[PDB]
Structures are given as C-alpha cells and as structure tokens.
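Okay, structure first, notes after.
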Amino acid sequence: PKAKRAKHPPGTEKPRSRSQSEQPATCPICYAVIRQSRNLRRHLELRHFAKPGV
DNA sequence: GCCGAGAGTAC
DNA sequence: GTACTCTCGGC
Ligand SMILES: [Zn+2]
C-alpha cells in the first residue's frame, strides 16, 4: 500500500539520539531561530530562496 | 501559514 | 555506534 510515517501508533519512545544529534540553528538572512539544522535548510527555501528560480 | 519533532537506514 | 532524510501534526 503506502507508508505515511504515522507517529500515532503506541510504543513511540522519544530517544534523545534524535533531538540531541541536532543543535540550535540561526538564519544569517533574517536571524530566524531554527532549532534543528535540517529545518534551517527548509527555512531557506520558504523564507528566502522560495522565489521561482531561473 | 510556518514551525517542531518521529521513524528507518547506511556506512 | 551516529547522523542522515522524509513525514506528520499543531498553535
Ligand atoms: Zn531567514
């Protein structure tokens, strides 16, 4: 079928090896404070490079 | 409307 | 043994 990563099923333990590996992140354009670095990238495409490229 | 975090895998 | 990516839900 498919596989929507549903966090609804029980037994969802929160190991820190998921949030600890990530470290605070700031945007050097609008100083937006993004916690996870992976999200920082997404912030670039939404609040800056979100313009149609060429 | 954007943001914050969970899971599975590979080397 | 760790960090990686994609995905979902919330105020
Ligand atoms: Zn920014």
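Residues are named by chain letter and number: chains run A, B, ... in the order of the structure tokens, numbers start at 1 in each chain, and ligands are numbered from 1 in the order shown.
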Set the cut-off to 9 Å, count only C-alpha atoms (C1' of nucleotides) and all ligand atoms, and list whatever residues fall near ligand 1 as a list in words. residues 26, 27, 28, 29, 30, 31, 32, 33, 40, 43, 44, 46, 47 and 48 of chain A
With N, CA, C and O atoms retained, could you export that selection as an mmCIF file, in the first residue's frame?
```cif
data_model
loop_
_atom_site.group_PDB
_atom_site.id
_atom_site.type_symbol
_atom_site.label_atom_id
_atom_site.label_comp_id
_atom_site.auth_asym_id
_atom_site.auth_seq_id
_atom_site.Cartn_x
_atom_site.Cartn_y
_atom_site.Cartn_z
ATOM 1 N N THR A 26 20.561 29.237 13.482
ATOM 2 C CA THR A 26 20.016 30.607 13.208
ATOM 3 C C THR A 26 20.088 30.910 11.704
ATOM 4 O O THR A 26 20.926 30.391 10.994
ATOM 5 N N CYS A 27 19.218 31.762 11.220
ATOM 6 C CA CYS A 27 19.227 32.130 9.769
ATOM 7 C C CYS A 27 20.091 33.393 9.585
ATOM 8 O O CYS A 27 19.784 34.423 10.142
ATOM 9 N N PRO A 28 21.169 33.339 8.830
ATOM 10 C CA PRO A 28 22.043 34.533 8.644
ATOM 11 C C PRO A 28 21.392 35.613 7.765
ATOM 12 O O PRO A 28 21.995 36.628 7.477
ATOM 13 N N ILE A 29 20.164 35.410 7.348
ATOM 14 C CA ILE A 29 19.470 36.432 6.499
ATOM 15 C C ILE A 29 18.469 37.213 7.357
ATOM 16 O O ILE A 29 18.527 38.424 7.433
ATOM 17 N N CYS A 30 17.551 36.529 8.003
ATOM 18 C CA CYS A 30 16.533 37.227 8.861
ATOM 19 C C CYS A 30 16.679 36.778 10.322
ATOM 20 O O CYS A 30 15.787 36.946 11.129
ATOM 21 N N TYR A 31 17.819 36.243 10.669
ATOM 22 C CA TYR A 31 18.073 35.815 12.081
ATOM 23 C C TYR A 31 16.980 34.882 12.612
ATOM 24 O O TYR A 31 16.873 34.673 13.804
ATOM 25 N N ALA A 32 16.189 34.290 11.762
ATOM 26 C CA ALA A 32 15.150 33.349 12.275
ATOM 27 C C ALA A 32 15.861 32.281 13.123
ATOM 28 O O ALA A 32 16.901 31.777 12.746
ATOM 29 N N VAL A 33 15.322 31.941 14.264
ATOM 30 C CA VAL A 33 15.987 30.916 15.131
ATOM 31 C C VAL A 33 15.394 29.534 14.854
ATOM 32 O O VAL A 33 14.310 29.211 15.298
ATOM 33 N N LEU A 40 16.606 24.307 9.234
ATOM 34 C CA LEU A 40 17.216 25.583 8.765
ATOM 35 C C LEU A 40 17.212 25.582 7.242
ATOM 36 O O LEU A 40 16.870 26.555 6.606
ATOM 37 N N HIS A 43 13.980 26.380 5.920
ATOM 38 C CA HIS A 43 13.646 27.814 6.143
ATOM 39 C C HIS A 43 14.230 28.645 4.993
ATOM 40 O O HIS A 43 13.675 29.652 4.602
ATOM 41 N N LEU A 44 15.339 28.228 4.444
ATOM 42 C CA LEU A 44 15.941 28.994 3.317
ATOM 43 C C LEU A 44 15.009 28.938 2.104
ATOM 44 O O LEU A 44 14.773 29.929 1.441
ATOM 45 N N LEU A 46 11.837 28.465 2.107
ATOM 46 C CA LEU A 46 10.470 29.019 2.383
ATOM 47 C C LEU A 46 10.519 30.536 2.612
ATOM 48 O O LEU A 46 9.636 31.255 2.184
ATOM 49 N N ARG A 47 11.506 31.027 3.318
ATOM 50 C CA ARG A 47 11.567 32.498 3.615
ATOM 51 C C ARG A 47 12.636 33.218 2.781
ATOM 52 O O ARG A 47 12.933 34.367 3.036
ATOM 53 N N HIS A 48 13.227 32.588 1.797
ATOM 54 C CA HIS A 48 14.273 33.310 1.001
ATOM 55 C C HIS A 48 14.357 32.752 -0.422
ATOM 56 O O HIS A 48 13.933 33.386 -1.368
#
```
Please determine the contact residues of chain A with respect to chain C at a cut-off of 8 Å, counting only C-alpha atoms (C1' of nucleotides), and supply them as a ChimeraX atom specification. /A:4-7,21
Report as number ranges by chain the set of chain B residues whose atoms approach chain A to within 10 Å, with distances computed over only C-alpha atoms (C1' of nucleotides). B: 2-8
Among chain A, which ones does DSSP assign to alpha helix (DSSP H) (computed from the backbone)? Answer as a ChimeraX atom specification. /A:16-19,37-47
In stretch 14-45 of chain A, what's strand (DSSP E) per DSSP? Answer as number ranges by chain? A: 25-26, 33-34
What does the file look like for those residues with N, CA, C and O atoms, as an mmCIF file, in the first residue's frame?
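Below you can see out-v4.cif, which holds the result:
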```cif
data_model
loop_
_atom_site.group_PDB
_atom_site.id
_atom_site.type_symbol
_atom_site.label_atom_id
_atom_site.label_comp_id
_atom_site.auth_asym_id
_atom_site.auth_seq_id
_atom_site.Cartn_x
_atom_site.Cartn_y
_atom_site.Cartn_z
ATOM 1 N N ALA A 25 20.027 26.355 15.502
ATOM 2 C CA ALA A 25 20.448 26.896 14.169
ATOM 3 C C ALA A 25 19.789 28.266 13.920
ATOM 4 O O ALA A 25 18.603 28.440 14.118
ATOM 5 N N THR A 26 20.561 29.237 13.482
ATOM 6 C CA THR A 26 20.016 30.607 13.208
ATOM 7 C C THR A 26 20.088 30.910 11.704
ATOM 8 O O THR A 26 20.926 30.391 10.994
ATOM 9 N N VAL A 33 15.322 31.941 14.264
ATOM 10 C CA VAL A 33 15.987 30.916 15.131
ATOM 11 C C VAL A 33 15.394 29.534 14.854
ATOM 12 O O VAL A 33 14.310 29.211 15.298
ATOM 13 N N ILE A 34 16.110 28.711 14.130
ATOM 14 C CA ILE A 34 15.617 27.332 13.819
ATOM 15 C C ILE A 34 16.375 26.334 14.697
ATOM 16 O O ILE A 34 17.590 26.315 14.725
#
```
